[PDB]
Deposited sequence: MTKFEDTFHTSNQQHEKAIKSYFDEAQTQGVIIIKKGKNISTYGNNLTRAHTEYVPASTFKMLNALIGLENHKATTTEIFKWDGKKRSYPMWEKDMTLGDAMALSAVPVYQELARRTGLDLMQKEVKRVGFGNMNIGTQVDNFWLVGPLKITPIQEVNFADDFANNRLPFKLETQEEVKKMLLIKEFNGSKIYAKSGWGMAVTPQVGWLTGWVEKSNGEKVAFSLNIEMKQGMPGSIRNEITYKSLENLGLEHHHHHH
């Protein structure tokens, strides 16, 4: 029942995708091989970038990242903003600045300690999550989300809770925390929505879809929500 319904949401969008639901993992959609394929994390990596940066005192949650006036890819990013603002706007240049502060050596050590994806950040500290070589499967993303939901990541409890505040996206009564991603600089483009529902049970999810040229960002939220509702939220 659920399997056919969720597959149809991806089919009707005329693209290929999967959604992972998590101690047991279930996979739904029209291309389940994607669950076992690694992709660039794109802006989903901001979750981990923020954790690493706050834990290591490279930024505070009240700090403003100033726009130095150079044009950015989106006018919505051409403003001064906090890490939380930049999380919501997926403001790449702010998190590139944070990554540079962390630096390649500390970033690589933390990524390996967390075990995030293939754990390979390469040699370029400020774009490895956008163009590779760092890649992650959707099942790996759901496991990261489930650990985050349970404060099981190797960071202080307070650091994890500070970053969660930046990711709380819906409250209704239960809570939904999530982070979108869109790898536009790879071909094909990859779309992500990774997070969890807090009902006291926690249910983690990761949607991974091929973003066809011109598709709206909202398709990620639309399929995710319809899928979770079909499954009973």
Which parts of the deposited sequence lack C-alpha coordinates in this model? Number from residue 1, please. 1-13, 36-37, 189, 216-217, 252-258
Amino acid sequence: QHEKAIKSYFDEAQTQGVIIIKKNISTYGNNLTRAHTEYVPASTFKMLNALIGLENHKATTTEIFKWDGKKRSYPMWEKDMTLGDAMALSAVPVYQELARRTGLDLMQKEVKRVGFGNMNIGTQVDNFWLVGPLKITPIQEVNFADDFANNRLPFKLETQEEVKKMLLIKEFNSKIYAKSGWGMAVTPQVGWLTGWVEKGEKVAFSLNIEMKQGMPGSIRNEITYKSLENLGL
From here on, numbers count along this sequence of modelled residues.
Going by the average Cα B-factor in the PDB entry, point out whether 63-71 or 49-57 comes out higher. 63-71
Between 151-159 and 102-110, which has the higher average C-alpha B-factor in the PDB entry? 151-159
Taking the Cα B-factors listed in the entry, which of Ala178, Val186, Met166, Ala42 comes out highest? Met166
Deposited CA B-factor, highest of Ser26, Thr37, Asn31, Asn208: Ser26
Split into thirds by Cα B-factor across the chain's modelled residues, where does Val197 land: lowest, middle or highest? highest
Modelled-residue ranking by C-alpha temperature factor, third containing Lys212: middle
Split the chain's modelled residues into thirds by Cα B-factor; is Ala204 in the lowest, middle or highest one? middle
Using the B-factors in the PDB entry, rank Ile19's C-alpha atom against the chain and give the third, lowest, middle or highest. lowest
Would you mind ranking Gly115 by its C-alpha B-factor against the rest of the chain and naming the third, lowest, middle or highest? highest
